[PDB]
Structures are given as structure tokens and as C-alpha cells.
Amino acid sequence: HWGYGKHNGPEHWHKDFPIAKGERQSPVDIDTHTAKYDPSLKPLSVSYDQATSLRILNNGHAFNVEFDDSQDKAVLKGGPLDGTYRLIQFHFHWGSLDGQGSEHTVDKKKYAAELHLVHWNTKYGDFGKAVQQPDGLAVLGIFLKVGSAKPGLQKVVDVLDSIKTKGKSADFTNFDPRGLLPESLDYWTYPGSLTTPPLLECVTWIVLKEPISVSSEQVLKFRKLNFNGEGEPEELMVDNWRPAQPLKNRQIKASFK
Ligand SMILES: Cc1ccn(O)c(=S)c1
Ligand SMILES: [Zn+2]
């Protein structure tokens, strides 16, 4: 099945997911000089005060911190978006080395990791129905650079030992995802896709300009996770990112000058 190795990695995915070679694939490189300022963009509204985290799951490819999405409790709106998008999970993609790991790049620059906060458009009733729509998802993307520790990430880092292998999960209530955000909400935006199979072209990408800093030791702990299940030979969960895909017939807009 699909993964990030030599024989099942991003160069293979197109065989089971033909949309891998489609017209609005993610991630892309963000050419800062070509991304036009759009003064019609609104400020981003991130309303996470009432977020209810539930659980953290190692799904064999990343770990997802899941949220209660049965009511409007943590929502994204405004920016490029029409209407309301509810947070359902967040995860990360990261590298084996500090100099790679992000999916989006900025003038070809790779960050050490990238956080994806996944939201679905509440006009479509649930996540499953949202992913059958071209405007079904909004994914807020945040780069991580190695530097000082991010205090608000530490609870996530401390629980990883308990979900080392594929299929393990742990209670993860009362986590405040506001602690993962940078100061500025300046962003670039463009239409794309999930960066993992099924690679569906549902996503308004909103990619923050300001990275967050995490410590060396924080990202080190991400890299001790395993892709394999318990009882199977150890394959470290690192380099679970897809490289930049062709931009094709898309313009990236900037929210800021
Ligand atoms: C919903 C979903 C699941 C996995 N990934 O990587 C992304 S970007 C979005
Ligand atoms: Zn992702």
C-alpha cells in the first residue's frame, strides 16, 4: 500500500491515485516574488477558543490530533474563504534532518516540518461529504523551523511515546491548538489537494508566512515514531512529506504586502 519508501513513495502514488498528476496538486513551491498581493483578501479568522481535542492517533503515516467536529467549536473563516470550516484534526509532516521536512517550500526553501490544521466546510454537513467537493476543505499550513522550543507543542511531544507504532492511540483531551500558532496570520493562498493519498482536490490552502520555532529535541522526538505496527521491524517515521508538484494553471495570492 502507499507510503514514503523507495517502492511505494510519492513517485508511485499515481498508479492507485491518478489524480496525483492532476491540475491542482499539493504541495507547491511558493515563489514569493510571483505571488501577487490581493487587497480583496480578508483577514483570517481563527476561532479556537472552544476547541475540544479528543485523541491522538498514529495512523502509520503521521499522527493526527483529533477534535470534536459535531458542533461549531473550532472554526476557520474569512481570509479567502466563503463560509465556515470546522477543525477536524491536525498533523505534521517532517524530515529525517533539520534541513528538510516541509511540503510547501518558500523560494525553494525547505523547513524542518509543516503543521496542517484540517478544516471542513460546514455547508457539506460532514467531512466525508466535504471531500467530494472542490471547496470542501481549508487547510491552514504552518512551517516549523528549528530554534527555540515551542511551549505549546510540548504536550504533543510528551505523548508520542504512548503511540509509537501504527494503529496506537491515546486520550488527548483539553489540548489548546492556539499554542501552535505564530504571531502573524499573514498568509499565501491557492487551490490544491491533500498532500497524501487519496490526494483529493478539495483544499483551499492557507499557508502562514511566519514559521513557528520548535527545539531540536522536539523534532527529534517526532522522528522516534514508527511507520510500522507493534511487533514489526522498526521503520522510523521520518521524511513523510511529498515534494513540490507543478503549479500548472494556478496563482498564489498574498494577504500582505
Ligand atoms: C485530511 C488530510 C489527511 C492527511 N493529510 O496529509 C492532509 S494534508 C489532509
Ligand atoms: Zn498534511
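Order of appearance sets the numbers: ligands from 1, and atoms from 1 within every ligand. We number each residue from 1, following the sequence as shown. Values below: every heavy atom of this structure, side chains too, minus hydrogens, waters and symmetry copies.
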Filter on ring pair (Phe, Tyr, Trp, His ring centres under 6.0 Å), then keep only pairs touching residues 135-158, sequence neighbours left out; what's left?
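Listed by first then second residue: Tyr111-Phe143.
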Pairs involving residues 206-256, ordered by first then second residue, that meet ring pair (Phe, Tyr, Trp, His ring centres under 6.0 Å) (sequence neighbours left out):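 Residue pairs passing ring pair (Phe, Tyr, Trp, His ring centres under 6.0 Å), neighbours aside: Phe63-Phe222, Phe92-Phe222, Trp94-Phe222, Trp188-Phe256.
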Please give the N or O to N or O pairs under 3.5 Å between ligand 1 and the protein, distances rounded to 0.1 Å.
from: ligand 1; atom 1: 5 (N); to: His91; atom 2: NE2; distance (Å): 3.2
from: ligand 1; atom 1: 5 (N); to: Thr196; atom 2: OG1; distance (Å): 3.1
from: ligand 1; atom 1: 6 (O); to: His91; atom 2: NE2; distance (Å): 3.1
from: ligand 1; atom 1: 6 (O); to: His93; atom 2: NE2; distance (Å): 3.3
from: ligand 1; atom 1: 6 (O); to: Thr196; atom 2: OG1; distance (Å): 2.9

Within the 2.8 Å cut-off the protein N, O or S neighbours of the Zn ion (ligand 2) are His91 NE2, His93 NE2, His116 ND1
Are [X] and [Y] close enough for a salt bridge, meaning some N to O gap below 4.0 Å?
X: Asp107; Y: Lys109; answer: no
X: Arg24; Y: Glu201; answer: no
X: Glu103; Y: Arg242; answer: no

Given the options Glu234, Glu232, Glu230, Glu235, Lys164 meets salt bridge (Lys or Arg N to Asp or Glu O under 4.0 Å) only with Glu234
| message | Exactly one of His104, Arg250, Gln251 should register a side-chain hydrogen bond (donor to acceptor under 3.5 Å, both in side chains) with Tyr190. Which one does? | response |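 Of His104, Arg250, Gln251, side-chain hydrogen bond (donor to acceptor under 3.5 Å, both in side chains) with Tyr190 is met by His104 alone.
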Quiz item: Taking it one step at a time, do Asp69 and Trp120 satisfy side-chain hydrogen bond (donor to acceptor under 3.5 Å, both in side chains)?
Solution: CA-CA 9 Å; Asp69 62 343; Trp120 58 266; 2.7 Å; yes
- request: Look at the side-chain heavy atoms of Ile, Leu, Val, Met, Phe, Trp and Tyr, link any pair under 4.5 Å apart, and say whether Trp205 and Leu76 land in one connected group.
  value: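 Result: no, two separate clusters.
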